Amino acid sequence: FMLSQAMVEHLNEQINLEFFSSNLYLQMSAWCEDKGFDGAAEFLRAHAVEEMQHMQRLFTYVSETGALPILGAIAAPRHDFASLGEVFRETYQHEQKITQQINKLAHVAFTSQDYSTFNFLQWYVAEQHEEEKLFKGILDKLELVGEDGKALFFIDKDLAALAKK
Amino acid sequence: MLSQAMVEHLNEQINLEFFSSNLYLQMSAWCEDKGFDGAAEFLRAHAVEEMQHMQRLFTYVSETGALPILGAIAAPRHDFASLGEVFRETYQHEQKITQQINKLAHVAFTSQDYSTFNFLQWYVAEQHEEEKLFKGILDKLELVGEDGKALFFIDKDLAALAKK
Amino acid sequence: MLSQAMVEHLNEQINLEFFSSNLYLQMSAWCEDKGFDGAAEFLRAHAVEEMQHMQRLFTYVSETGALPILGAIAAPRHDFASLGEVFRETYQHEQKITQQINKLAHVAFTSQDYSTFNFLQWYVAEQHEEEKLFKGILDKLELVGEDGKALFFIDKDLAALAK
Amino acid sequence: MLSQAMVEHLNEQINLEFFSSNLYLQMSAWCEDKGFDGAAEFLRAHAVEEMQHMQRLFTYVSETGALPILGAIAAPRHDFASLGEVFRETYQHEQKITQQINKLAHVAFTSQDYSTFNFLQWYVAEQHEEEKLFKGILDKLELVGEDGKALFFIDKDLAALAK
Amino acid sequence: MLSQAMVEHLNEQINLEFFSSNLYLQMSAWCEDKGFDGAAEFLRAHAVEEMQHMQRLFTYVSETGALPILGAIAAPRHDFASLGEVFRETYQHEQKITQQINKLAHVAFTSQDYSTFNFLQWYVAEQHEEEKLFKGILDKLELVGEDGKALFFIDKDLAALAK
Amino acid sequence: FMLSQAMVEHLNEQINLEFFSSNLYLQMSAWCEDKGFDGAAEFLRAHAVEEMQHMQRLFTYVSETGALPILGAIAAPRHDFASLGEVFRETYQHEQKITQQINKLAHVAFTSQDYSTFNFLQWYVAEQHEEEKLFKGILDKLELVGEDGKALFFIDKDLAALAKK
Amino acid sequence: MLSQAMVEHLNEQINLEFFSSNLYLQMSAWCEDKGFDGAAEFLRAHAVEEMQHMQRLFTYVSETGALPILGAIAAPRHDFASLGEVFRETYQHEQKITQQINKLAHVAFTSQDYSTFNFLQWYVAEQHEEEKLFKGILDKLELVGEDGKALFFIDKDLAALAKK
């Protein structure tokens, strides 16, 4: 009753998206590991964990309103990538998609006067702000040093450091 | 290292473990929705542990030099007729996992993949624990029955079980 | 500066919160009278909590430069049929408060009073918590029933919730 | 679920372990009776250890859902010729236990009962330890002989081993 | 020096205590098999306690200079009708042990074996404790009944008693 | 009596192999040091020490069964290598040989129903799992950054770090 | 730096030290096999220390810029007629080492390799200790003889000696 039926559906859709996102990042981390980029792998693995916490936070919110969060089938994430650079370009694009989705979600909550859900989404709005700075910076590195083996060797070390942080 | 067949089997188990976690998570939501917070807390913790079983296997495959593949995770059922059905289903599900681990252990052995056989022993031990735990819950339902007051007390026990 | 109308909206909410507090205090006394000390304890603490919601708004209004005004507070109902009714009434009441909070929020936004909208966010969040809490109690009544033994055990859960 | 046959194998081992414990306790009493307190202490602790091996198996069987069954326990020998014989009998007995454990392990594996195989690994390891321990005592008897002064010093080593 | 007859009395009690321990262990397994983990835990600890009573007597006999003798231990009953029967059997059994202890005490006194009489005083005291404990459990069964919900709550009390 | 005579022989053979392996790694470390790769040297030196502990653990196990472990003559390890990369390629190959030997050992223990020795070898089975990930990662580094002087300079620093770990 | 001749001599000593460690290790196994655990513990510790003497020398050669070369390590004998023979052999072996260190010290001096002469002083001091220790063990055997009870007590002393 606290959530409109249409809002429960939007939130459930975001829950499934976040879940898939976590799995994509995890699958990507396995690619990096496979290709000898352990720093990238550690970074993406931690990022997958955090995305799973985003999904969990939504799942919990939905239940707390008295509605029923519902996981559907999670699609199989892509597992073959061309290069480390492509992995992080795909991640950046994917994060932009997430930001766009969270923003649409906020707009819907607002235009329907669901101030509670609007209030709830502020955490995500803020969190996606941090994400884009982080992932753009990685692309800026690749742009700066290039994508030859030596460049990737050093970038991989910076990713290892970002993970521990 | 790992045979291609072994990699496929391990990836299938990684996928099942992921599904299992999602099943327990979905179940915890039904429990909470119906007011069984103890059950919901217990199931949530189990969904976390199952996700760690998933990760451990994922990491093992990677460490052998193979590429683990998550695949598509099936949708878990999201409705149950009663709290009893929830835990009858968890029990049957855990037996399935135990059976699947055993087959895997068998495939590892019969192909002389002793490293994988050794790895799988942690899971073999864990499932022994899992089965005692869930059988004990069914035993409770059987004992007190499944009326409202019964479930009320069983739910309290579940909340206690969750805290550890 | 708060609009003349917004001051009136806030002042009315101050009055509603005050009455809400007294309603819960009166209910706690019914509970204690009928031997439900767990329930009395819980509602007693809830009445205090609500008095704090009142105070927070009162202070906000004062700090904007406006004058909060406590009107007259109606007498709360003191006659209830059963413990179940007490908690159904409370859940219903909490839903009314939630709705009033949402209206205030909407009027603040509509007014481009971003300050008051911001301020009300604490309340929006609190009400999310409150409804989960009270629906949980109705669920327990539903599960266990409303016979004597049932109420006996629910009252225990209420005392624990109180702590 | 443990096979009907595996339950019987485990139950029989439970019984063997129980008797083994009693055998060592009875031997400890012979030792104390003959003035070998070191040896009595050592065997007494060994009887407790063996009772624990028993309990571990008993609990395993119960936890699988099956029913462990303590049968009747035969009376252990209480008449021994000498301290040397006591410890030769124990070494021989430990070898029998080791062999039974290995058979159980083999039956578990053969059955594709990977759970019980896994469980038995603790026992396989323990028996490795035990045989080194008991062979060490026979070696000492061999080295020193079995005259009174000899036994006097060996008994001291046994008390120390007990700690 | 213990009389030939007193050694036999003590040895027989050693055997009874051993069987008593095994009886309680077997019962604990029935309990766990039927889903009464509280009861299993309680009886399991009680079996250990009884094994200690056994050991204490065993040691006493040895320390007098006599030879304790573990005879054969019969198989305990493993088939019970219900939790209630398990605990009625235990209370009955404890009463038998109490009576045997009293007979031993009387034979010791009659023999002017003041040493053994003195020794048995620990047991006389323990049995006083034990009977209060076990009668308390029968009283609870009487109060609550033996339906499923009843047993559910009694099992909780047993687990607590175990701690 | 606990070990079959054939098993004592297999275990003694593994003991001599482990000993030679330790010495090979030690000799390799001296080559790295000689060629100015102190990080590699520190790494290989520590690896030689650990292999000596593997051998020691087997030696002790054999004695504990009541059999007699026997060291034969240890062959002279190769001391002339072409490059750092060859050193680590040889190490990786050698580690694969060790893994294969441990596996054959496990199979023999099993097929002869020596569950005690089978149980004992599980430690080695697990340990060799770790080894191959470690040494493959080193080859992946060489593959990534190349084998020019600058590349080896940076790889040598990573090996120094792996050693302290 | 080091003359080629000096490098050869040092490498030969590295090889002897490795062998020595293996001899004591092999001996410790015979001791344990015959039930002399004290002797086996004492000899095991000595095998560890000898392996450190090896390493110290290995590191010195490397540090001078030369390449130390391990060579093939001879097989140590693995059987002995009695515990007494074990320790008569250890004594003779230690004297050989002492003699070899002295020759080395002499070669260092006579070629004015003062750095190597200085390095070798640690070994010169250590062998003085070694000889007191092992001579003292023979003195024990001589004193109590080599019957079973004698060896039993000597073995206890050896276990004590090992603990430090």
Side-chain angles (χ1 to χ4, degrees), chain F residues 20 22-49 52 73-84 86-87 90 149 152-153 156 159-160 163, chain G residues 1-23 48-74 93-130:
Chain F
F20 171 79
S22 178
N23 283 8
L24 177 68
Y25 299 156
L26 179 64
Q27 192 63 66
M28 287 170 159
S29 78
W31 182 94
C32 296
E33 174 117 307
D34 190 58
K35 298 305 197 187
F37 304 115
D38 294 331
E42 293 163 351
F43 176 84
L44 287 170
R45 190 182 305 128
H47 191 64
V49 166
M52 187 65 77
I74 316 311
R78 170 177 176 192
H79 69 267
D80 176 31
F81 298 88
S83 65
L84 192 59
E86 179 177 89
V87 166
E90 295 276 306
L152 302 180
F153 168 82
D156 186 70
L159 297 163
Chain G
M1 198 110 177
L2 297 178
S3 75
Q4 287 207 56
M6 180 57 66
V7 168
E8 275 156 0
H9 289 125
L10 293 177
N11 281 345
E12 247 313 297
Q13 185 63 24
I14 284 165
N15 185 275
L16 173 57
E17 296 285 1
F18 217 115
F19 173 79
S20 303
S21 179
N22 284 6
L23 180 58
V48 177
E49 303 173 8
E50 215 54 42
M51 185 66 79
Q52 302 166 355
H53 292 22
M54 188 286 298
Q55 214 72 251
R56 183 184 198 104
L57 193 56
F58 191 95
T59 295
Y60 172 73
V61 178
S62 281
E63 294 188 339
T64 74
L67 181 79
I69 289 174
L70 287 178
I73 317 309
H93 189 254
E94 287 289 342
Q95 294 192 122
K96 178 172 144 175
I97 295 181
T98 303
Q99 164 181 13
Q100 284 306 107
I101 292 309
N102 251 246
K103 294 183 186 308
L104 271 169
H106 190 58
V107 180
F109 167 82
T110 58
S111 67
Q112 287 116 281
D113 183 349
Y114 292 112
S115 170
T116 298
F117 180 75
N118 174 273
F119 174 76
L120 290 174
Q121 295 315 291
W122 180 90
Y123 292 81
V124 167
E126 277 302 313
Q127 288 309 117
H128 172 84
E129 309 311 318
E130 303 292 20

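Heavy-atom basis, side chains included; hydrogens, waters and symmetry copies ignored. Order of the sequence lines sets the chain letters (A, B, ...), proteins ahead of strands, with each chain counted from 1.
For G/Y60, the ring-ring contact (aromatic ring centres under 6.0 Å, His included) partners two or more places apart in sequence, or in a different chain, are G/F119. Among residues two or more places apart in sequence or in another chain, the ring-ring contact (aromatic ring centres under 6.0 Å, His included) test is passed with F/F37 by none.
With G/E94 contributing its side chain and G/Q127 its backbone, the two residues share no donor-acceptor pair below 3.5 Å. Checked by atom type and distance alone, the side chain of F/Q27 pairs as donor or acceptor with a backbone atom of G/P68 at under 3.5 Å. A distance-only check finds no donor-acceptor pair linking the side chain of G/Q13 to the backbone of G/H9 [under 3.5 Å]. For the pair F/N23 (side chain) and F/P77 (backbone), a donor-acceptor distance under 3.5 Å is absent. Put simply, the side chain of G/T59 never gets that close to the backbone of G/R56: no donor and acceptor are under 3.5 Å apart.
Salt-bridge annotation for F/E33 and F/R45: present, with a side-chain N of the basic residue lying under 4.0 Å from a carboxylate O of the acidic one.
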message: Determine whether G/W122 and G/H53 satisfy the following criterion, side chain to side chain contact (heavy atoms under 4.5 Å, CB included), listing intermediate values before the conclusion.
response: CA-CA 10 Å; G/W122 180 90; G/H53 292 22; 3.2 Å; yes

field: Stepwise side chain to side chain contact (heavy atoms under 4.5 Å, CB included) check, F/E42 with F/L159
entry: CA-CA 8 Å; F/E42 293 163 351; F/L159 297 163; over 6 Å; no

task: Take G/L67 and G/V61 through the test side chain to side chain contact (heavy atoms under 4.5 Å, CB included) and record every step on the way to the result.
output: CA-CA 7 Å; G/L67 181 79; G/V61 178; over 6 Å; no

task: Please lay out, stage by stage, how G/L104 and G/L10 fare under the test side chain to side chain contact (heavy atoms under 4.5 Å, CB included).
output: CA-CA 8 Å; G/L104 271 169; G/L10 293 177; 4.2 Å; yes

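Of all the heavy atoms in G/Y123 and G/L57, the pair that sits closest is OH-N, 3.2 Å. Closest of all the heavy-atom pairs between F/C32 and F/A41 is CB-N, 3.8 Å. Contact between F/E86 and F/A82 at its shortest, heavy atoms only, is OE1-N, 2.9 Å. Closest heavy-atom contact between F/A40 and F/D156: N-OD1, 2.8 Å. Taking each heavy atom of G/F117 and G/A108 in turn, the nearest pair found is N-CB, 3.7 Å. Heavy-atom minimum distance, G/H93 versus G/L16: NE2-CD1, 4.1 Å.
Residue G/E12 holds its CD atom at 11.0 Å from CD1 of G/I69, rounded to the nearest 0.5 Å. Here the CG atom belonging to F/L152 is positioned 13.0 Å from the NZ atom belonging to F/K35, to the nearest 0.5 angstrom.
No option in F/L24, F/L26, F/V49, F/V87 other than F/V87 meets the side-chain contact (heavy atoms from CB on, under 4.5 Å) test with F/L44.
Within a 6.0 Å sphere centred on CD of G/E129, heavy atoms belonging to other residues, nucleotides or ligands number more than 12.
Among residue pairs with one or both ends in residues 103-114 of chain G, those qualifying as side-chain hydrogen bond (donor to acceptor under 3.5 Å, both in side chains) are G/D113-G/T116; sequence neighbours excluded.
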